[PDB]
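A.B. asks: in their complex positions, the first chains:
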Amino acid sequence: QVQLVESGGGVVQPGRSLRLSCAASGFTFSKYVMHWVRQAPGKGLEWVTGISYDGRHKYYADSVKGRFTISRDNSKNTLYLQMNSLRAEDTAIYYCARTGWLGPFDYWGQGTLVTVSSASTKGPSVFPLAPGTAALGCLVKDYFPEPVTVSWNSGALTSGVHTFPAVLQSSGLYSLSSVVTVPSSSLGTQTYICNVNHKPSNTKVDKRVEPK
């Protein structure tokens, strides 16, 4: 079966280099044009670079020409992406894709994530969003890298919970809120605690959210 498996992604600071690898199986690798395609968070697909059958011809998007280099090794059936002079905007999922003989990109790997940041690993600060329906929540501010998880009352409160996707702030740190709507009558009867876990920093915060 045709498989493509990317590797090498991770966190890197602007200005440095990273090499990605794509392992091809299940077809005669040398008989196909191969590509890298990327997808920045919340955005569409952007072709980055492609490479001819025998490796002689390399094609680049203007955005990466001069900084990224593509190569292939047809004896070990691997595609590479050498990324240099990385920038924040190069943060993306990087997919390896085969070109079918009729021209389309007929198989794709699952992708490998590249994060280009100057930020240091940092757990969030958690602040209350204080309250016949009431809304309340927790603001989960200034953490890096992703992800953070949020539950309410250790998982027992799920109805009406919305935990928003993170936003990357100008500072390079992420932020998100988790919110829940509840009976305004329950505000004096029940306790509402958000459980924030940011495993990259081994941090776990429980924050009680009270009226006033």
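C.D. replies: Happy to help now that I have it. Numbering: from 1, shown residues only, chains lettered A, B, ... in the order given.
A.B. asks: so which strand or helix has the residue nearest the centre of chain A?
C.D. replies: By CA atoms, centre = their mean, chain A has its centre lying nearest to residue A:113, at 5.8 Å. Assigned by DSSP states H and E, residue A:113 falls within strand A:112-116.
A.B. asks: so what does that strand touch, helix or strand wise?
C.D. replies: Using 3 or more CB pairs under 8 Å, 6 or more residues apart in numbering; DSSP states H and E, the elements in contact with strand A:112-116 are strand A:11-12, strand A:18-25, strand A:92-99. Backbone N, C-alpha and C define where each C-beta goes, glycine included.
A.B. asks: let me see the contact set for the closest residue to residue A:132 other than its chain neighbours.
C.D. replies: Using CB to CB, 6 or more residues apart in numbering and skipping residues adjacent in sequence, the residue nearest residue A:132 is residue A:184, 5.1 Å away. Residue A:184 makes contacts with A:131, A:132, A:133, A:134, as judged by CB atoms under 8 Å, 6 or more residues apart in numbering.
A.B. asks: and residue A:184, how far is that from residue A:193?
C.D. replies: Going from residue A:184 to residue A:193 by CB to CB, to the nearest Å gives 18 Å.
A.B. asks: and chain A, what are its domains?
C.D. replies: A:3-116, A:125-208 (automatic domain parsing).
A.B. asks: and residue A:88, backbone torsions?
C.D. replies: Main-chain torsions, residue A:88, degrees, to the nearest 10: phi -50, psi -40.
A.B. asks: next up, the contacts around it.
C.D. replies: Neighbour list for residue A:88: A:14, A:116, A:117, A:172 [criterion: CB under 8 Å, 6+ apart].
A.B. asks: hmm, residue A:91 and the third one touching each other?
C.D. replies: Think residue A:117. Yes: Residue A:117 is within contact range of residue A:91, at 7.3 Å (criterion: CB atoms under 8 Å).
A.B. asks: so which bits of stretch A:54-70 are buried?
C.D. replies: A:60, A:64, A:68, A:69, A:70 (16 or more other CB atoms under 10 Å).
A.B. asks: now render the residues you listed as CSV, adding distance to residue A:33.
C.D. replies: Supplementary listing: the buried residues of stretch A:54-70 in CSV, determined by distance: CB to CB, whole Å:
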residue, distance to residue A:33
A:60, 14
A:64, 17
A:68, 17
A:69, 16
A:70, 11
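A.B. asks: add chain B to the structure above, sequence below:
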Amino acid sequence: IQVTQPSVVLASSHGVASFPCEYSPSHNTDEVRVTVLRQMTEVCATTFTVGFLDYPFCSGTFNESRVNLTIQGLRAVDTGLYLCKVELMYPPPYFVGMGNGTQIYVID
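C.D. replies: Time to bring in chain B:
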């Protein structure tokens, strides 16, 4: 690029079909890669810069924007649709075009 090839050709008694495959417009290129595909299996492929040396059943010559293909060794079971693929490989842009296919009739 638009690739043109004849809708139908008749192979000879001796199992040889010849037909042109042509592309337009004539973009600047130094290397043109031609593939014959049978509907997908690869019949032969070559790069022009007289071709198909890796493929005893295929030969071809390339002039202007037209390849004169010859496919030999054909038998009645080989009757089928043979697509011409043309690539303008370098310098960029890369271009690829698929012909609509030549139906080759072979009689034993």
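A.B. asks: now that chain B has been added, could you go back to the buried residues of stretch A:54-70?
C.D. replies: If you call a residue buried by 16 or more other CB atoms under 10 Å in any protein chain shown, then stretch A:54-70 has these buried ones: A:57, A:58, A:59, A:60, A:64, A:68, A:69, A:70.
A.B. asks: near chain B, from the residues you listed?
C.D. replies: Filtering those for proximity to chain B by CB under 8 Å from any CB of the partner chain leaves A:57, A:59.
A.B. asks: number of nearby residues for residue A:159?
C.D. replies: Using other CB atoms under 10 Å in any protein chain shown, residue A:159 is surrounded by 8 other residues.
A.B. asks: quick one: residues contacting the nearest residue to the residue nearest to the centre of chain A once chain neighbours are set aside.
C.D. replies: Nearest non-adjacent residue to residue A:113, counting by CB to CB, 6 or more residues apart in numbering or on different chains: residue A:9, 4.7 Å away. Going by CB atoms under 8 Å, 6 or more residues apart in numbering or on different chains, residue A:9 touches A:18, A:20, A:94, A:112, A:113, A:114, A:115.
A.B. asks: one more pass at 6 Å, please.
C.D. replies: Contacts for residue A:9 (CB atoms under 6 Å, 6 or more residues apart in numbering or on different chains) come out as A:112, A:113, A:114.
A.B. asks: repeat that for residue A:207.
C.D. replies: Here residue A:207 is in contact with A:126, A:138, A:194 (CB under 6 Å, 6+ apart).
A.B. asks: for chain B, see how far away the last one is.
C.D. replies: Right, residue A:194. Going from residue A:194 to chain B by CB to the nearest CB, to the nearest Å gives 52 Å.
A.B. asks: beta partners for that residue?
C.D. replies: Under the criterion DSSP bridges, residue A:194 forms beta bridges with residue A:152, residue A:207.
A.B. asks: quick one: it and residue A:138 touch, right?
C.D. replies: Yes: the criterion here is CB atoms under 6 Å, and residue A:194 meets it with residue A:138 at 3.8 Å.
A.B. asks: so what's the residue of chain A found nearest chain B up against?
C.D. replies: Going by CB to the nearest CB, chain B is nearest to residue A:57 of chain A, at 4.8 Å. Going by CB under 6 Å, 6+ apart, residue A:57 touches B:89, B:90.
A.B. asks: how close does the nearest residue to residue A:22 once chain neighbours are set aside sit to residue A:177?
C.D. replies: Spatial nearest neighbour of residue A:22, excluding adjacent residues (CB to CB, 6+ apart): residue A:96 at 3.3 Å. Per CB to CB, residue A:96 is found 36 Å from residue A:177.
A.B. asks: append chain C to the structure above:
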Amino acid sequence: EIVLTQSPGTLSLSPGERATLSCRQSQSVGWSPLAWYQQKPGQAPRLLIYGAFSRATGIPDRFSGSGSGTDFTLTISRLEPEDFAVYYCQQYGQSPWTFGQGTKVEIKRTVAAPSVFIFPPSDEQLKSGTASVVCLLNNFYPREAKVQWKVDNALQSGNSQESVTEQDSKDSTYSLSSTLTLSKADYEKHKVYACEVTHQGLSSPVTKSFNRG
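C.D. replies: Same chains as before, plus chain C:
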């Protein structure tokens, strides 16, 4: 260089209905190297159609494509629940290989106006020197919404940031936050903080506001 423009941005439909997605290409190129891909959250793109009208391997028959020259369409004859996804077109006849911006096929439901809530910064946060003001728009449909921040009645620009959930699995609505970030210094300068929401389920904008303190 070939630019592709997809329309609509979002198609809103129910299972069993027909989806028609359009892709317009900058130039004709003498044949139709036009492909369509499906993408679900957290997954790689999947080839559906190529050469404008050919189905790729293992793709269900309800997917079809048509068109020529510059104008192409993807049709899902009778939508299935597994088909709500993002769809991209792509031209692959020349480098740079280029893609459309994507069309989201989402579940259609009735209009639902948002419930709107405003949150002042916490005292704990202000002690740290920054003030986050949050506006919540809860369980609304359709997705389109305008959130305008006004402070003392001046309109704000460049100091807010929005986030939206995916369509809810039970009620097919969206929820949205808008977060206004000010310095404590600037937060303390002003008095009226207000969030004004325009949405289809609201005859006229709703405003939620508080007075600092």
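A.B. asks: chain C added, so what about what packs on strand A:112-116 now?
C.D. replies: Here strand A:112-116 touches strand A:92-99, going by 3 or more CB pairs under 6 Å, 6 or more residues apart in numbering or on different chains; DSSP states H and E.
A.B. asks: dump the C-alpha coordinates for the strand it packs on into CSV.
C.D. replies: The C-alpha trace of strand A:92-99 is given here as CSV (Å, rounded to 0.1, in the frame of the first residue of the first chain):
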residue,chain,number,x,y,z
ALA,A,92,2.8,25.1,9.5
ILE,A,93,2.0,21.5,9.0
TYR,A,94,4.4,20.2,6.3
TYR,A,95,2.9,17.4,4.1
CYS,A,96,4.8,15.2,1.7
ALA,A,97,2.8,14.4,-1.5
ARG,A,98,3.2,12.2,-4.5
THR,A,99,2.3,13.4,-8.0
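A.B. asks: any idea how far it is from the chain center?
C.D. replies: The chain centre lies 14 Å from the centre of strand A:92-99; the measure is CA atoms, centre = their mean, to the nearest Å.
A.B. asks: neighbouring contacts of the next helix-or-strand element following it?
C.D. replies: As assigned by DSSP H and E, the chain's next helix or strand after strand A:92-99 is strand A:105-108. Residues from elsewhere that reach strand A:105-108, judged by CB under 6 Å, 6+ apart: A:2, A:95, A:97, A:98, A:100, C:44, C:45, C:47.
A.B. asks: list the strands paired with the longest strand along chain B, with their directions.
C.D. replies: Using DSSP state E, we find that the single longest strand of chain B is strand B:80-90. Strand B:80-90 has its sheet partners listed here by DSSP bridges as strand B:31-38 (antiparallel), strand B:95-98 (antiparallel), strand B:102-105 (antiparallel).
A.B. asks: contact partners of the longest one?
C.D. replies: The one in question is strand B:31-38. B:43-49, B:67, B:80, B:82-83, B:85-90.
A.B. asks: now, of the residues you listed, which are buried?
C.D. replies: B:43-48, B:67, B:82-83, B:85-90.
A.B. asks: ok, residue B:6 to residue B:104 distance?
C.D. replies: Residue B:6 sits 10 Å away from residue B:104, going by CB to CB.
A.B. asks: compare these two and say which is more crowded by neighbours.
C.D. replies: More crowded of residue B:6 and residue B:104, by other CB under 10 Å: residue B:104, with 21 against 15.
A.B. asks: wait, that one sits on residue B:8?
C.D. replies: No: at 7.7 Å, residue B:104 and residue B:8 do not qualify as touching, with contact defined as CB under 6 Å.
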